[PDB]
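Visitor: There's a structure below that I have some questions on.
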Amino acid sequence: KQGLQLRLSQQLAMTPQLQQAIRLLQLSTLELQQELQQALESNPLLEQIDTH
Amino acid sequence: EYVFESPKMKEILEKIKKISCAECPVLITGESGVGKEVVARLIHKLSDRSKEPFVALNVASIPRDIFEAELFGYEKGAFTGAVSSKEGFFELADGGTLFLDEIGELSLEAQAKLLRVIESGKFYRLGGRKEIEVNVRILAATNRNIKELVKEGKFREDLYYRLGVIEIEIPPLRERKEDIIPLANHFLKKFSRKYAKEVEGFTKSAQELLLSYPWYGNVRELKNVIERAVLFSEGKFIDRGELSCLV
Amino acid sequence: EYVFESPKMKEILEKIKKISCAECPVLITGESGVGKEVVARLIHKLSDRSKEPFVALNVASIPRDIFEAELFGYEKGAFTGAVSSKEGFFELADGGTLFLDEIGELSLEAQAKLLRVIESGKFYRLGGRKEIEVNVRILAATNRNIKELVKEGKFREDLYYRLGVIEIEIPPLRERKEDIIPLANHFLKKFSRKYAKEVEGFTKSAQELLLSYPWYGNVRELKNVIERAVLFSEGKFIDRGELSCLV
Amino acid sequence: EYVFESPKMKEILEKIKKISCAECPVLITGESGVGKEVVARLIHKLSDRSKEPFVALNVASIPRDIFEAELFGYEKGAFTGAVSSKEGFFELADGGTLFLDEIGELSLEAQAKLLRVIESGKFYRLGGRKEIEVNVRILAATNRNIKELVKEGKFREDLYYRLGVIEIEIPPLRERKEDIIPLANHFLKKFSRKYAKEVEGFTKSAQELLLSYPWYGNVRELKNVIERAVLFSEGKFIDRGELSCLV
Amino acid sequence: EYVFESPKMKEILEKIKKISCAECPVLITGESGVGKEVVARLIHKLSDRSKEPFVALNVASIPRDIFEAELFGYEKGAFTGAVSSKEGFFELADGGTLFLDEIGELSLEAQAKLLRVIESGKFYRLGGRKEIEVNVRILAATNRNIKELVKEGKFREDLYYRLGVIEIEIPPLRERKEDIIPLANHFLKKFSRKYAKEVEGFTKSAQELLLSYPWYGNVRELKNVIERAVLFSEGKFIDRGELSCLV
Amino acid sequence: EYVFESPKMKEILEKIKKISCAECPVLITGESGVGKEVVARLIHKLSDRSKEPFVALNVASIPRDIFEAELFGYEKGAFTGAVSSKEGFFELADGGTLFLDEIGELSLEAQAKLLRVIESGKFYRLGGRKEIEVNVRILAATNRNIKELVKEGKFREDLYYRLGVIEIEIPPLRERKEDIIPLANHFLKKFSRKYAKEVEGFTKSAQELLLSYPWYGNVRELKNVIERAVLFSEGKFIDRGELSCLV
Amino acid sequence: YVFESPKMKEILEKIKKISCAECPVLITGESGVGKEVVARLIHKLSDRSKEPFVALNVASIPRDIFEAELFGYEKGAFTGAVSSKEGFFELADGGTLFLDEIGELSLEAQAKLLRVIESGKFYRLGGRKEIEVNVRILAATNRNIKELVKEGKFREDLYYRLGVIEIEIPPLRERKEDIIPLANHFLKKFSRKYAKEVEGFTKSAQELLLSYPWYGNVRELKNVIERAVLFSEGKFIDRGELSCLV
Ligand SMILES: Nc1ncnc2c1ncn2[C@@H]1O[C@H](COP(=O)(O)OP(=O)(O)OP(=O)(O)O)[C@@H](O)[C@H]1O
Ligand SMILES: Nc1ncnc2c1ncn2[C@@H]1O[C@H](COP(=O)(O)OP(=O)(O)OP(=O)(O)O)[C@@H](O)[C@H]1O
Ligand SMILES: Nc1ncnc2c1ncn2[C@@H]1O[C@H](COP(=O)(O)OP(=O)(O)OP(=O)(O)O)[C@@H](O)[C@H]1O
Ligand SMILES: Nc1ncnc2c1ncn2[C@@H]1O[C@H](COP(=O)(O)OP(=O)(O)OP(=O)(O)O)[C@@H](O)[C@H]1O
Ligand SMILES: Nc1ncnc2c1ncn2[C@@H]1O[C@H](COP(=O)(O)OP(=O)(O)OP(=O)(O)O)[C@@H](O)[C@H]1O
Ligand SMILES: Nc1ncnc2c1ncn2[C@@H]1O[C@H](COP(=O)(O)OP(=O)(O)O)[C@@H](O)[C@H]1O
Ligand SMILES: [Mg+2]
């Protein structure tokens, strides 16, 4: 029966467990550096080795 | 501890005593406030399995989509969420007694699920590949006429014969005119001592009013009225006006 | 804080003060906007559970398919997605007070689930295999006459008997002519400080008008009318013209 | 031991002997308490594969979401929580007899899957790769009028034709009067040893009463009445009055 | 952008100005195309919530079986699909204004599910054991006579007084003859500017026609007719011939 | 392309050309088989969104429960069974044109779901708290008199004035005596190449019969008759004998 | 399949004649006459021999989920839609869809069926892409479809769409010449299937087959022959065994 219902169900779920850290392979070095720059900006606990 | 002063109640007590050596499932039919739970527990106590666990279930509180899981159990990995195997209610009552209350509130889909467990008692767990053999003594209580439901189409014909091996009909308190007074006094000792009151009896007019007043709710309504009268009393007895406004 | 000047409400207050030590379930009936929840909270405050949570639940919005799951709790592994343990209202309010609002809105299917938890206080969690008992005080508020609904057949008779240990009926505001003026004064004094209004009293014609309106919405309608008068107030006294909405 | 002293019953038994060596699905349609399980187990016993397991399963005891995960099985990794692969009940009865109780409760998709399995002869796991072949003998017993179900559309006509190659109809006990007496005497002695109640049999009036009562449960109702009589009787002869109250 | 030339519109605007600091919920009643949304947004802008988010929602756009989930949100493990904790629309508009559009079409069952939220602001999420306190000013709009729907039994009287603290009535445009000419001029100017049309007003016959037709869609129908005329316009001045769809 | 010969078709095409610069929603009224969808596609091509996608939907087949689900999409936790977010039809038609076939047959209850989306263009998904703005042009085609449905209490006047800004009327084939021969010749030429029958034209009797007949199914019925004649002919020209399907 | 009667020969010739015809074909008659057999013969004898013959009966389709079987659904479309499902039109992409007993369909469902056929494009319940398929329609009717239309329990447009080529199969009650060949074929098939030595029916029993009106036609004939084979104990079958079934 067609219908959007809220209920308690006992069903079997497949294994879609993927799509994590996989997009870091297709990128080149430059785009990877851009992503790392974004990550450094958004996370205060990440720092990159410098020379200054 | 209870009151069984009525001759019909004495006959029912004798029937309960006579099935001490029996194990077939028993059905109880009657109205509200008659003592279906009391009769079930008395049968359990007089049965040889009194020391065995006694599990009471209401069939209206189990979710629709997990009905098979609760009464049969499952092994780990049977479904997404079965991280640890569980034992069902029937295996909890393995060797003991299982009492189903309000059994007339069971959907027709869930009624056919209990055809083989009552007869043979053998069932396969959800994800269980080995048959399980148990010994269960089954008691059931209903508040409506089971025969009418069977003849009307709201109850399975097979299930009535599976459960209706020994049928006990508890009479209403209205026909038990000789049980109101012994109960009404007892409830008094149940209430005043619990409330530290000074009521030690009932007036003759109050007793006559209670006898004349119809107990549609039976013992439950009588207890509620007596408790209210004790709560709103003032003196060493209960006069007519203390309960006239209620009954 | 609240005002109780009508002589008939004095009897209800005395009855409340006479059930301070009681812990039996209480049922309350009355028209909409008369203060059933206020009476329930007043009973809760005078009870020995005054230092306990007062869990007020609306039974007219609980989803049906999880209704039991929302009142009994569940274990881990009971169903898909239940990766943690959680409780219901009965266990979360153990030792306190559970106040059900609009008990008449409950459908018949849901009314058959608490029949074994109001009296004995015991139930079983979803996926649990251990019996649990709780000691809670059950209060309910409703507006439609439960007795006439039981007579018609829209409410369970046994559940009504179980819940109706002590019944409190609140009369309509139209029957209470001794509280209209005090409640109007209280609302005026409350709303003259929130908006810094200069209103300090009512006019004699306005007071006479207040004694003629049937008060269909009762206390809520009176509060709304007083709020409208305060918001739309220019002079220090509220004349009969500003109360023409009652004509 | 089973009693068959009716010419129709003897003809049915000879049919059972003739068909017990066949390799075709069997459909058993009859009234309540006629012995469908007894007939199926007699077919299984009087066969070359009598040593093989007799897998008796109820179509209403399987949740839908795991039906293909129960009657067929599953492999590891096909779904979350699948720690280890588990065989299905279909492979369990390989080379033996699989009995389906109350075949009329199956859903459209379940019946379609069963028809696919029966027609193909080989099936697949839930998440496997190879194809599994079995040599099962399929019996199914139901009490519903399959003609009404197929006319309404609750059962697939092709599946009914495949399973219902041979229709076995056990006559109602009301048409088996000559076989009524030997059955009850079989129970009366059996319960006499079971419950230690001393009884020799029935009287002429009791036997005439039994032949006059319109049994609805057939064997089950008669057995229940006999068990009640054995429990509630201390004398060696059962009189008309003892059985009259039960009737 | 909004023209208020009728004296009733000026009275409504002055009343809105007086209730800028008023935080109570308001109910607006009118016809189709009278300006309920415009008046509600003007009330919102003039209130203290000018910079607060204004969440406008239609009650009929939510399915019945997930209405509570969309109204209050849900916690983890509440149901098969409660992946993570989610907030409701009431928690979405914290500190702002909630606009219930077309409240008349709401069913009786849904009106009983929001009786405690409006008056007190406290509600429990699905699966959440903590109480949620929110402060949202509620503006409801309807095209129906709710004061008659409460009498007819098609609306719940309990919610009427919860949304009846302040009530606004918008008269139809056919009575607002001071608005027809200014609204027509503004619409013609806007549709000439958008469509690059060289029209800059109406003719006297067209003005007389616009003031005599019994408009049923009111301002929206006037806007539609003006747009239709502008699209098919062929001169610097619009004559009665272009507006032939009126009469 | 499309052939238009009658003066009414030329006028309709010219009006379409004139209003192609307009972005107003269009409502088209006619009969079954008059070519409303062809006119809608012509309108889409002649507008500035010809390169933009055109989404045409027959709303007479959408289930009521998934009406909001299809129109608005949903999020991960909107309901049970969903695992991923889904787009809505309006979002799928964002930046283009959305066409609705047979808008008259739509249920009265579901017409409230499109009251705000057409005007505001802002809506929330199921299970979401974010408002989405689009730019979609609404075209609706119907074979029923919308105004009659409004007057008989079957259609929502607000939705009508939302869509009833631009009106188009397509007369049936019974008023298209001039536009019968070109359509018949076009269909004959198409089906001759489709089925390789190589039929060139029609004889005098066939043309007379086709012209004299007051077609009720209009262009659809004429095309079906031509296709049947092509399938059941072997000559170079179709005579009246091969047109025996007509009255 | 065996066809020996002159009516059966004419039916086979007509079916081979309409083999090159790609139009939807309607077949009507009585129960158990071979409408599915004739439809499969048309399928094999046409250019779509290698394509699937998706044959389904519209009687068992539930009312509320008819659309769910008409088009199909995706993952998460509704409760119970764990995965995606393909409708019969998608399964029969390039094949032949055979709807058995079309005369019993509800009126409202029919109005939602032929609309898919004429346009040929449809959307999945939960899919954002339009689906275009090509099918050949075969229909079966158990009653008088013209009478049903005259009773207002059907659609005239659907009848015209499926009435391009219509076939009537005479039942077994007027096909007595095929009785002996069909009985012999079924007897041999069941004897070789159950591995029991049975030669053929005796002269006495041959009268009962013609005496039997055969209301159930070939289905009942096959059931009776199989049951007679199962209970047979000799290489010859007498009239007594058939008497217990007739
Ligand atoms: N003979 C009796 N003596 C004393 N108390 C009794 C007697 N019979 C019943 N009661 C009391 O009646 C109360 C109400 O429970 P009762 O056993 O009557 O249940 P009921 O109304 O028949 O149904 P349910 O099975 O749902 O409890 C019990 O608390 C019990 O103490
Ligand atoms: N004696 C009183 N003094 C002051 N205010 C009072 C008094 N009695 C009632 N009220 C006021 O009446 C108002 C309306 O009461 P209440 O909220 O209980 O109405 P209701 O609509 O019947 O309730 P429910 O939410 O249970 O449906 C309360 O907010 C309360 O402040
Ligand atoms: N010949 C017999 N002799 C003795 N007892 C018999 C005989 N035949 C059947 N019975 C009894 O019949 C009882 C019920 O039979 P069975 O288990 O076959 O039920 P059923 O007809 O399949 O039930 P249902 O249709 O209600 O599911 C058995 O417990 C058995 O003792
Ligand atoms: N004073 C005004 N000046 C200009 N336009 C106006 C005025 N009053 C109303 N309108 C126009 O009326 C149209 C409809 O307004 P609105 O959205 O409020 O209608 P409604 O049917 O009352 O709303 P809803 O049903 O969504 O609550 C708008 O396009 C608006 O421009
Ligand atoms: N000439 C024949 N020779 C052998 N078997 C035949 C013959 N005609 C029909 N049958 C048998 O008849 C049975 C039913 O066939 P079929 O399903 O095609 O007929 P139907 O019931 O008339 O059709 P439908 O239900 O599809 O309208 C099959 O098992 C088939 O083997
Ligand atoms: N100008 C035209 N040229 C060719 N065919 C046309 C023209 N107008 C209409 N038609 C035909 O008429 C049919 C009408 O189809 P449609 O518009 O979908 O249904 P309705 O007319 O009932 O809305 C189309 O299939 C189309 O082939
Ligand atoms: Mg059985």
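Basis: the model, the stated rules and, where named, an outside source; none is laboratory data. For neighbour counting, all protein chains shown are included, and Cβ atoms are generated from backbone atoms with ideal geometry for every residue, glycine included.
Here's the yes/no breakdown for (1) among the charged types (D, E, K, R); (2) farther than 30 Å from D:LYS147 by Cβ:
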site	(1), (2)
G:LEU70	no, no
G:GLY76	no, yes
G:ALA81	no, yes
G:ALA92	no, yes
G:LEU105	no, no
G:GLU108	yes, no
G:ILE117	no, yes
G:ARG124	yes, yes
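Visitor: Among the residues of segment D:237-244, is any part of a helix (DSSP H, G or I), out of contact with any strand residue (DSSP E or B) (no Cβ under 7 Å at 6 or more places or on another chain), under 19 Å from B:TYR161 (Cβ atoms) and away from every other protein chain (no Cβ under 12 Å)? If you could, list the steps in order and put the result at the bottom.
Guide: First pass over segment D:237-244, keeping only residues part of a helix (DSSP H, G or I): D:240-244.
Those still in the list that are out of contact with any strand residue (DSSP E or B) (no Cβ under 7 Å at 6 or more places or on another chain) too: D:240-244.
Those left that are additionally under 19 Å from B:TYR161 (Cβ atoms): D:243.
If we keep only those that are away from every other protein chain (no Cβ under 12 Å) as well, we get D:243.
Yes, segment D:237-244 contains at least one residue that is part of a helix (DSSP H, G or I), out of contact with any strand residue (DSSP E or B) (no Cβ under 7 Å at 6 or more places or on another chain), under 19 Å from B:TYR161 (Cβ atoms) and away from every other protein chain (no Cβ under 12 Å).
Visitor: Then there is this: Looking only at segment C:123-171, how many residues end up being assigned to a strand (DSSP E or B) and surrounded by fewer than 21 Cβ atoms within 10 Å (Cβ to Cβ)?
Guide: As a first pass, look at segment C:123-171 and keep what is assigned to a strand (DSSP E or B): C:123, C:126, C:132-133, C:137-142, C:166-170.
Then drop every residue that is not surrounded by fewer than 21 Cβ atoms within 10 Å (Cβ to Cβ), which leaves C:132-133, C:167-169.
So the answer is 5.
Visitor: Let me ask something else about it. So F:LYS190 fits all but one of (1) over 20 Å from E:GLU105 (Cβ atoms); (2) exposed (fewer than 14 other Cβ atoms within 10 Å of the Cβ); what number is the exception?
Guide: (2)
Visitor: Return the pair list, or none, for Cβ contacts closer than 7 Å from residues in segment D:90-119 that are within 16 Å of ligand 3 (Cβ to nearest atom) to residues that are small (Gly, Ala, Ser) and assigned to a helix (DSSP H, G or I), at least 6 apart or on different chains.
Guide: D:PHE99/D:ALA40; D:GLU102/B:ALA112; D:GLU105/B:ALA112
Visitor: Do we have any residue at all in segment D:59-76 that's part of a strand (DSSP E or B), of a type in the set (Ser, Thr, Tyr) and more than 16 Å from ligand 3 (Cβ to nearest atom)?
Guide: Within segment D:59-76, one or more residues are part of a strand (DSSP E or B), of a type in the set (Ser, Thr, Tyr) and more than 16 Å from ligand 3 (Cβ to nearest atom).
Visitor: What number goes with the only condition from (1) aliphatic (A, V, I, L, M); (2) part of a helix (DSSP H, G or I); (3) exposed (fewer than 13 other Cβ atoms within 10 Å of the Cβ) that D:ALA196 does not pass?
Guide: (2)
Visitor: Which members of segment B:20-47 meet the condition of being surrounded by fewer than 18 Cβ atoms within 10 Å (Cβ to Cβ) and hydroxyl-bearing (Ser, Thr, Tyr)?
Guide: B:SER20
Visitor: Hey, among E:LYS194, E:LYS204, E:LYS190, E:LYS223, which residue is free of Cβ contacts under 8 Å to residues at least 24 places away in the same chain and under 30 Å from E:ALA140 (Cβ atoms)? Steps first, please.
Guide: Values: E:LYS194 fails: under 30 Å from E:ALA140 (Cβ atoms); E:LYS204 fails: under 30 Å from E:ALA140 (Cβ atoms); E:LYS223 fails: free of Cβ contacts under 8 Å to residues at least 24 places away in the same chain.
Only one candidate qualifies: E:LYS190.
Visitor: Would you say E:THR142 is in contact with a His (Cβ under 8 Å, 6 or more places away or on another chain) and either at positive phi or touching a residue at least 12 places away in the same chain (Cβ under 8 Å) (or both)? Break it down into steps so the answer makes sense when it comes.
Guide: Working: in contact with a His (Cβ under 8 Å, 6 or more places away or on another chain): no; either at positive phi or touching a residue at least 12 places away in the same chain (Cβ under 8 Å) (or both): yes.
Considered against the rule, which asks whether it is in contact with a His (Cβ under 8 Å, 6 or more places away or on another chain) and either at positive phi or touching a residue at least 12 places away in the same chain (Cβ under 8 Å) (or both), E:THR142 comes out as no.
Visitor: Could you grab me the full set of residues in segment C:10-42 that are among the charged types (D, E, K, R), touching a strand residue (DSSP E or B) at 6+ places or on another chain (Cβ under 6 Å) and more than 13 Å from chain E (Cβ to nearest Cβ)?
Guide: C:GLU23
Visitor: Given the conditions (1) within 14 Å of chain C (Cβ to nearest Cβ); (2) surrounded by fewer than 16 Cβ atoms within 10 Å (Cβ to Cβ), report the number of the one that E:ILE181 does not fulfil.
Guide: (1)
Visitor: Anything in segment G:199-227 that is among the small types (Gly, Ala, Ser), exposed (fewer than 14 other Cβ atoms within 10 Å of the Cβ) and touching a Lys or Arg at 6+ places or on another chain (Cβ under 8 Å)? List them, or say none.
Guide: Narrowing segment G:199-227 to residues among the small types (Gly, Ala, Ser): G:200, G:204-205, G:211, G:216.
If we keep only those that are exposed (fewer than 14 other Cβ atoms within 10 Å of the Cβ) too, we end up with G:204, G:211.
Scanning segment G:199-227 gives a single hit, G:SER204.
Visitor: Of all residues in segment B:87-120, how many are over 20 Å from the mean Cα position of the chain (by Cα), within 13 Å of chain D (Cβ to nearest Cβ) and not in a helix (DSSP H, G or I)?
Guide: Residues in segment B:87-120 being over 20 Å from the mean Cα position of the chain (by Cα), within 13 Å of chain D (Cβ to nearest Cβ) and not in a helix (DSSP H, G or I): 2 in total.
Visitor: A further question on this structure: Filter segment F:18-76 down to residues that are more than 16 Å from ligand 6 (Cβ to nearest atom) and of a type in the set (S, T, N, Q) and give me whichever is nearest to E:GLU234 (Cα to Cα). Explain how you work it out, then say what you get.
Guide: Applying the first criterion (more than 16 Å from ligand 6 (Cβ to nearest atom)) to segment F:18-76 yields F:18-25, F:47-53, F:62-76.
Still in the running and of a type in the set (S, T, N, Q): F:20, F:47, F:50.
Values: F:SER20: 16, F:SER47: 21, F:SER50: 27 Å.
That would be F:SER20.
Visitor: How many residues does segment F:199-222 contain that are out of contact with any helix residue (DSSP H, G or I) (no Cβ under 6 Å at 6 or more places or on another chain), under 20 Å from F:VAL38 (Cβ atoms) and assigned to a loop (DSSP other than H, G, I, E, B)?
Guide: 2
Visitor: If you check E:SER32, E:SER47, which single one turns out to be of a type in the set (S, T, N, Q), within 28 Å of E:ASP179 (Cα to Cα) and touching a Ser or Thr at 6+ places or on another chain (Cβ under 8 Å)? Walk me through how you get there before you give the answer.
Guide: Numbers: E:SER32 fails: touching a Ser or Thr at 6+ places or on another chain (Cβ under 8 Å).
On inspection, the qualifying residue turns out to be E:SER47.
Visitor: If the Cβ limit is 8 Å and pairs must be 6+ apart or interchain, which residue in segment C:60-74 that is β-branched (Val, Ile, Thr) pairs with which residue that is in a loop (DSSP other than H, G, I, E, B) and surrounded by fewer than 24 Cβ atoms within 10 Å (Cβ to Cβ)?
Guide: From residues that are β-branched (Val, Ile, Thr), the pairs are C:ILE66/A:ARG7; C:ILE66/B:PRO63.
Visitor: A further question on this structure: Considering each of E:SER107, E:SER120, E:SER50, E:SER85 in turn, give the residue that is within 17 Å of C:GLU70 (Cα to Cα) and surrounded by fewer than 18 Cβ atoms within 10 Å (Cβ to Cβ). Talk me through it step by step, then tell me what you get.
Guide: Details: E:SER107 fails: within 17 Å of C:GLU70 (Cα to Cα); E:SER120 fails: within 17 Å of C:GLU70 (Cα to Cα); E:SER50 fails: within 17 Å of C:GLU70 (Cα to Cα).
Only one candidate passes the filter, namely E:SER85.
Visitor: Here's a follow-up. Within the set of pairs 6+ apart or on separate chains, which have a first residue in segment B:1-20 that is within 13 Å of B:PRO182 (Cα to Cα) and not assigned by CATH to the domain that holds B:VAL165, a second that is within 14 Å of ligand 1 (Cβ to nearest atom) and part of a loop (DSSP other than H, G, I, E, B), and C-beta atoms under 9 Å apart?
Guide: Taking only residues 6 or more apart or on different chains, not a single pair turns up.
Visitor: Has segment B:43-53 got any residue that is in contact with a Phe, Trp or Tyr (Cβ under 6 Å, 6 or more places away or on another chain), more than 15 Å from ligand 1 (Cβ to nearest atom) and within 11 Å of chain C (Cβ to nearest Cβ)?
Guide: no
Visitor: Taking B:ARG64 as the residue in question, decide whether it is away from chain C (no Cβ under 12 Å) and surrounded by fewer than 18 Cβ atoms within 10 Å (Cβ to Cβ).
Guide: Numbers: away from chain C (no Cβ under 12 Å): no; surrounded by fewer than 18 Cβ atoms within 10 Å (Cβ to Cβ): yes.
Taking the combined requirement at face value, the residue does not satisfy it.
Visitor: Please pick out the residue among D:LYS18, D:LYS10 that is within 13 Å of ligand 3 (Cβ to nearest atom), more than 18 Å from the chain's Cα centre (by Cα) and part of a helix (DSSP H, G or I).
Guide: Working: D:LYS18 fails: within 13 Å of ligand 3 (Cβ to nearest atom).
Only one candidate qualifies: D:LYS10.
Visitor: Inside segment C:1-53, can you point out the residues that are at positive phi and of a type in the set (A, V, I, L, M)?
Guide: Matches in segment C:1-53: none.
Visitor: Let me ask another. Could you tell me whether any residue of segment F:48-57 is away from ligand 5 (no atom under 16 Å from the Cβ), within 29 Å of F:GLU157 (Cα to Cα) and in a helix (DSSP H, G or I)?
Guide: Checked segment F:48-57: no residue is away from ligand 5 (no atom under 16 Å from the Cβ), within 29 Å of F:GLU157 (Cα to Cα) and in a helix (DSSP H, G or I).
Visitor: Do any residues in segment A:5-34 that are away from chain E (no Cβ under 13 Å) have Cβ atoms under 8 Å from those of residues that are exposed (fewer than 12 other Cβ atoms within 10 Å of the Cβ) and outside any loop (DSSP other than H, G, I, E, B), where the two are at least six apart or on different chains, and which pairs are they?
Guide: Hits for this filter: A:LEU32/A:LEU24.
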